[PDB]
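Colleague: Let's see this in three dimensions:
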Amino acid sequence: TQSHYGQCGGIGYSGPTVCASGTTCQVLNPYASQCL
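Modeller: Residues are numbered from 1 along each chain as shown. This is the structure:
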């Protein structure tokens, strides 16, 4: 599982979000709202 530092939205992406909960899906660089 791509638990931490996992891309959820931005440049080049779609939705292969094979992440866990506990971590999230929130903003940093233009590539990623991401599993922090």
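
Colleague: The closest residue to residue 24 other than its chain neighbours and residue 20: what is the separation?
Modeller: Distances taken as Cβ to Cβ, 6 or more residues apart in numbering put residue 36 closest to residue 24, at 5.5 Å, once the chain neighbours are dropped. Heads up, the C-betas are built off the backbone N, CA and C, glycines and all. Distance of residue 36 to residue 20, computed by Cβ to Cβ, to the nearest Å: 12 Å.

Colleague: which ones are touching the residue located most distally from the centre of the chain?
Modeller: Computed with Cα atoms, centre = their mean, the residue of the chain farthest from its C-alpha average is residue 22, at 12.9 Å. Taking Cβ atoms under 8 Å, 6 or more residues apart in numbering, we find residue 22 in contact with residue 3.

Colleague: which SSE is it in?
Modeller: Per DSSP states H and E: residue 22 is located in neither a helix nor a strand.
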